[PDB]
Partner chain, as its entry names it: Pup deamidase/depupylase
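What follows is one chain in structure tokens, specifically the form solved without the partner chain.
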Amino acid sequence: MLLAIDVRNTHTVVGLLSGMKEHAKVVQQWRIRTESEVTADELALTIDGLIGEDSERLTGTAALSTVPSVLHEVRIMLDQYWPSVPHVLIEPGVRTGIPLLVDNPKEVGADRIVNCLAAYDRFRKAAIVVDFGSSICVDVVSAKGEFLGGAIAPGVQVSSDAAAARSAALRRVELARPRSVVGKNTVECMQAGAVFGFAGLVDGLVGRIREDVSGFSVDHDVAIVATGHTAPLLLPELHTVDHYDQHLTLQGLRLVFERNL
């Protein structure tokens, strides 16, 4: 199998992907915390405990990170614990076959590049990727598979927790859909805010991108794809998102791994 690692600011996705090229599928996926101060030995311990008996069956290990210290610890862990398998660590501004038509090609985070590559591979047309992570990352891929940029909004959970911490009457609540958009208690009001407001945020960003750029209007065909952990919660309230792909970034990591191999 192929061991894929997605390090974000708050949560790390560890995946096992069997197969190769078109027939390859994600057979396993786990979500863990991201610790900035994590070491190679701790990360090896948790990853070994997650993947169990598949450690001896690894054929390669792809990895990206938005925290560079975790990326360097990933390199140390890979060389110390899995020396016989190849590994292609990904930095910001990686080369993949997707032209980075932006001001600073070396500053865009690796997750956005991987999402763009996977979306253009799956759809082969113009695409808008909405990634619900620690931040909501919106990526615009043209019909030629070129990364035009996009937007970076605060994430649902991070913003909700920040609002709960920044206020006294607002406490920490569970991220769930309330009975109505008009709440009757503080928990219901906060859940209505966090869910419906961020659904409106994503819909507004997608509609504004569709209207205010050429080739992405309603007349054209553009694949709107959402990924992330909290995407299924907000998906029924989105009128602008067509598809949900839970394994988009892992498939993109597999694409970069097979391209660099």
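Definition used throughout: the rigid core is the maximal C-alpha set that superposes within 1.5 Å between two forms. Positions refer to the first chain, counted from 1. Shifts are known only where both forms have a C-alpha.
Just so it is clear, the following notes concern the form solved in complex with the partner chain, a form of the same protein that is not shown.
- Proximity of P86 to the partner chain in the deposited complex falls outside the 4.5 Å heavy atom cutoff.
- Of the heavy atoms in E146, some are within 4.5 Å of the partner chain in the deposited complex.
- Contact annotation: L117 falls outside 4.5 Å of the partner chain in the deposited complex, judged by heavy atom distances.
- Contact between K106 and the partner chain in the deposited complex is found at the 4.5 Å heavy atom cutoff.
- In the deposited complex, the residues of 73-98 lying within 4.5 Å of the partner chain by at least one heavy atom are, in order, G93, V94, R95, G97.
- Core superposition between this form and the one not shown leaves every listed residue (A143, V102, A164, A153) with a C-alpha shift below 2 angstroms except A164.
- In the deposited complex, the CA atoms of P232 and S160 sit farther apart than in the displayed form, by at least 3 angstroms.
- Whereas the displayed form keeps them at a certain spacing, the CA atoms of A194 and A164 lie at least 3 angstroms farther apart in the deposited complex.
- Listed alone, the shifted run between this form and the one not shown is 157-172, counting only residues present in both forms whose C-alphas move 2 Å or more over at least three consecutive positions once the core is aligned.
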